Amino acid sequence: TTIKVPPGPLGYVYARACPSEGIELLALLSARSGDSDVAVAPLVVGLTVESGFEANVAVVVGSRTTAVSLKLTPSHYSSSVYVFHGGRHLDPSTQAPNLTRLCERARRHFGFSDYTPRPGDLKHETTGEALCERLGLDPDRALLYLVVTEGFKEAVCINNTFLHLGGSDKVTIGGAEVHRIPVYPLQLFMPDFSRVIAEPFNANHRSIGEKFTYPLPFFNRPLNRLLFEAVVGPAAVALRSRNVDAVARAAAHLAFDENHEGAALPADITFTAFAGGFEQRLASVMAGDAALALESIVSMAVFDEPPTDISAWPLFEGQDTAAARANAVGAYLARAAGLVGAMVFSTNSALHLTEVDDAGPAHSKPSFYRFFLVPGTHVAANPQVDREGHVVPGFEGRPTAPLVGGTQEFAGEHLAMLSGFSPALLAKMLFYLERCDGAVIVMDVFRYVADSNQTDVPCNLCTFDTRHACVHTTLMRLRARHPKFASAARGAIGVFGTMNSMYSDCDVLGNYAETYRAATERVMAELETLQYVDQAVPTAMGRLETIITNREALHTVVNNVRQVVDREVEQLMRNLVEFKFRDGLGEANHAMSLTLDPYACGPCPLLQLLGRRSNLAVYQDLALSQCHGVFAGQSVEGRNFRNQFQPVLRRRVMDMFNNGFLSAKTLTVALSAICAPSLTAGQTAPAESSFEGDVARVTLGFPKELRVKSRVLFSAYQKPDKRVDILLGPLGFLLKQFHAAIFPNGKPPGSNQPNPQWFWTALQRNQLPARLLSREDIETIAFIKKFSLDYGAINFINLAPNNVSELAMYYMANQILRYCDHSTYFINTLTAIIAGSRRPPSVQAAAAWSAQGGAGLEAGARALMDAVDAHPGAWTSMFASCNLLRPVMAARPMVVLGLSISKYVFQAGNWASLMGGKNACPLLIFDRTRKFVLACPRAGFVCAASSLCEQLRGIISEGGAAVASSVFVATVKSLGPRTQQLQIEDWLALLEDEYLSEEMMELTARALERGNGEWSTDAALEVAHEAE
Ligand SMILES: [Hg+2]
Ligand SMILES: [Hg+2]
Ligand SMILES: [Hg+2]
Ligand SMILES: [Hg+2]
Ligand SMILES: [Zn+2]
């Protein structure tokens, strides 16, 4: 009907004493640069917040007149907290030195502004030390961090917030005591004020309510600096707005004034140089706002996923006794490294698409592809031009690099930009980059460092003793993967997201629907019964090493899968008839959704940045596709065209909700006795529970997920006419693996080792040594050849099955296609690149972690490897391919893939591909008949892994007057006529209720009278179900 959400502050400042154990773990999940006392850590119940922590909340944003009532706006807590005091207690994500310095100069190189606290405000700063004093904590054995709602983190750093020192309380995290001071909006003291406050320290501002006791803004430098860098920066870069402070204020504007449409980004935002190019520029700011606005919507929304709880992470199970549970976490994050690697080296990654290009119209005709994002990491140095294409001020002189080609440079400065010029985040970036380059086609770190002493190094960030971990070195090691932007045409976006749905359509034939999904499930069930497979690990042999011991076993296994598949297909199709076959499959496509839920992201500020950046790109893309229609037949050069039409661009975007690509939902907020600071007693006095107010806007409408789909059925999909080699055929994997068992005396002349390669080669050319084949081998070879021939005749999946799981699904798919008379072309396939991890495969891979870096570098490395177990963060990414997605998606994984949005006014998220070839990922193969996904499992690590007495005795609980009826049904829908066998004892067990059991006994009896003495229906359900 209507959803509820508790009124609360916009955030809290958590303060606790330095824990002394699970810190090493917290650090791994966190992001922290070794040269700074600040850090950003993930929001994790039991780690950074107490257990009853409630993410969704209606924050007190202001006050109204008519007596003063409060204003509340819903929002949720940001997926990560911000440590502004105590970062020193967290091991740096990297040994990389002077990241703070590197960011500083990189920021100046690309034209972005730096955090600059006003001199006249310092006297009002609230220092960590100061708070530690009030809280009675040791300034050197203490941690202070901000826990905020997504909608006001920006409000905090522009000093539009204040601490309610009187509302202090304590909570427990892991048995430890933790203090927390609630944070509120200064606007509270300004009735009917929805604007951002400039000069928040002016206690005499006219908008302040009279006789009110204006509080002291909560101004902390380390904090404000970290937010600017870790929260405002990424957006600043993403929405190409070099005046960072301005960006922060634009977000605050959207958070304080729900009714705000029109311009938000600075009115004088500049533009990277590379009628006239006037519209191009305009389309970018408008899309820029479009995106900033859309993201705000999602920030003021309320999602269903709860904040992660470390004590729920199956990742610890068993390997969690010793404090060396840290390894589990270390090995986990290492997998992700492989994904972040792709997000940095894919030439079309969201992290790079920061500029917009005008391809011109296709003259009033639609132009949904005129404007689009292009990579601009290599051009962020070009001159900044204004609205009218004129260079601004300090940009005169700068060389303007070309958008395509040219000899590009990808140095530390750039890496820093991708991470919003935040050294804290950049650190976590390197942490992952350091776990990358699972190269097998190619640098000697040790040799490099050695031959570099006092040799004049091109880097003023490191020294001989630190070269092993310095950015420049790491980038040197990954040089081959560096992004070379050479494409000029509009491309797909390389997004990082997490498919958190319990449901997906990535079966070999996608969503072709009993339904097709059901069938594949039963077959997989059946195969598991035969013990030929492990539904969760397709790659598993599951008892096959035992079953297949004689060539007669082969016969039976092949016949069983063939048989169970034919049986289930025979059924599914027959049912579908009792639907249009030919038309139905040419329509079905593979599908998956990417959540926009802030708590479905990984437990790391970096993995979070990636998702946030991705979504921003996706929003701009959408905004962009509507710009041309917005300009059409309008004097587009008007002084403030932006404020005049943004409202429209905005609306055209909102219109996309539930229209093909953007899945959206609506929530109605229930109105109302409210505890909140006193508008008079001061921020020190206790909370005033007198206030009674509601939510300004009762209706919430926001994006929920991204619908990505890829057409299954289809030039290059032409099934070659040539026959397939038996060894590369449907049974190739089995024949090779169990050759010795099937063909015992199958070893060649000379060797005493049964070699399948040799055997089947000679067997197929007649070059097989005269009369070798047993009397019974011929029957098997025959059997083999026929299956291979039959399957081949109907096969349209251009991939060789690698295990029984795939063998059954492909065969089943091929059988369904044969039923529909499919012909000529191969179908489209999906391949997952599973992200895994392992201990460093060499000393080389540990270079950057050696504790000794000078002449003792290579020894330090070796020592590190010698005691690998002691280093919980000493892991490395590796990849594995999988052509069976069902299991993959079951793990509700974090993913990285190419996404191309088409707008025809519907939207469709076309599954595209990552550019940069093997550089984005070495396992990526160019082939237009297949699509890929880099995937890192979640379920089984940071999520629960992939019961009637319960369901029944669950209805007996949350149930009304028809419990009897409801329960009878469930029992029947879980037991056929079996229900009739149940005696009073059986019932009393299924329901620990005597009354109910007797009722069940009366029902069961009546249903028998209906069938005259032959069980069947439950019309008696509805009949009794009358108690209304
Ligand atoms: Hg400590
Ligand atoms: Hg209270
Ligand atoms: Hg798999
Ligand atoms: Hg990969
Ligand atoms: Zn260096």
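Only the coordinates and a few stated rules stand behind these numbers; no lab work does. Cβ sites come from the backbone with ideal geometry, for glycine too, and all protein chains shown count toward neighbours.
Here are some notes:
- Among beta bridges identified by DSSP and lying wholly in the chain, the antiparallel ones come to about 85 percent.
- Alpha carbon centroid spacing (whole Å) that separates region 70-95 from region 346-361: 31 Å
- Our coupling estimate for region 697-705, obtained by passing each phi through the Karplus curve with A = 6.51, B = -1.76, C = 1.60 and θ = phi - 60°, is 10, 6, 10, 10, x, 7, x, 10, 7 Hz, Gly and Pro reported as x.
- Classified by the C-alpha gyration tensor, region 947-1028 has an oblate form. Its axis ratio a/c, with a ≥ b ≥ c, is 1.5 or above, and a/b does not exceed b/c.
- Each residue of region 278-283 is assigned a 3J(HN,Hα), and the resulting list reads 4, 5, 3, 4, 4, 4 Hz, derived from the Karplus form 6.51 cos²θ - 1.76 cosθ + 1.60 (θ = phi - 60°), x at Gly and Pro.
- Placing a label point 7 Å from the Cα of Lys580 along the Cα-to-Cβ direction, the residues of region 708-726 whose backbone N falls under 18 Å from that point are 712-714.
- From least to most packed, judged by other beta carbons within 10 angstrom and beginning with the fewest, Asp268, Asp386 follow the order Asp268, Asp386.
- Region 240-251 - phi-based ³J(HN,Hα) in whole Hz, Karplus 6.51/-1.76/1.60, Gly and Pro as x: 5, 10, 4, 7, 4, 3, 4, 5, 4, 5, 5, 5
- Taking amide H atoms as placed 1.01 Å from N in the peptide plane, the amide H of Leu934 lies under 5 Å from those of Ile833, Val896, each 5 or more residues away in sequence or on another chain.
- Eligible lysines near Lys71 by straight Cα distance, threshold 29 Å, same-chain separation 8 or greater: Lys4, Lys153, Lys170, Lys211, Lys665, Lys704
- When each of the peptides 728-737, 595-604 is scored by how many other beta carbons lie within 10 Å of its residues on average, the order from highest to lowest is 595-604, 728-737.
- A cut-off of 5 Å between modelled amide H atoms, ignoring neighbours fewer than 5 places along the same chain, links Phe271 with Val385, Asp386.
- Low-density loop cleavage sites - trypsin sites (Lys or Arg not before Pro) in region 737-777, where at most 16 other Cβ are within 10 Å (DSSP): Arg771, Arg775
- Spatial separation of Cα centroids for region 801-847 and region 860-875, in angstrom: 34 Å
- Close amide H contacts of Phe218 (hydrogens built in the peptide plane, cut-off under 5 Å, sequence separation of 5 or more or a different chain): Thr161, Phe162, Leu163.
- Simple rule: put +1 on each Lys or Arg Cβ and -1 on each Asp or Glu Cβ in the chain, find the dipole, and look at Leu143, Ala381, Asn745; the Cα lying farthest toward the positive end is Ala381.
- Net charge in the neighbourhood of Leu333 (other residues with Cβ under 11 Å of its Cβ; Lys, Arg +1, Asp, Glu -1) is +3.
- Taking other residues whose beta carbon is less than 11 angstrom from the beta carbon of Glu858, and scoring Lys, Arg as +1 and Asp, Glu as -1, yields +1.
- Estimated 222 nm signal from helices in the chain, with DSSP H stretches of n ≥ 4 weighted -39500 (n - 2.57), rounded to 500: -10000 deg cm²/dmol
- Anisotropy class of region 606-718 from Cα gyration tensor, a/c 1.5 cut: prolate
- Applying a DSSP loop filter and a limit of 13 other Cβ atoms within 10 Å to the chymotrypsin sites (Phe, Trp or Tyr not before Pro) in region 454-512 leaves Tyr503.
- Three-way shape label, region 726-800, alpha-carbon gyration tensor, a/c 1.5: prolate
- Distance between region 652-704 and region 952-971 - C-alpha centres, whole angstrom: 36 Å
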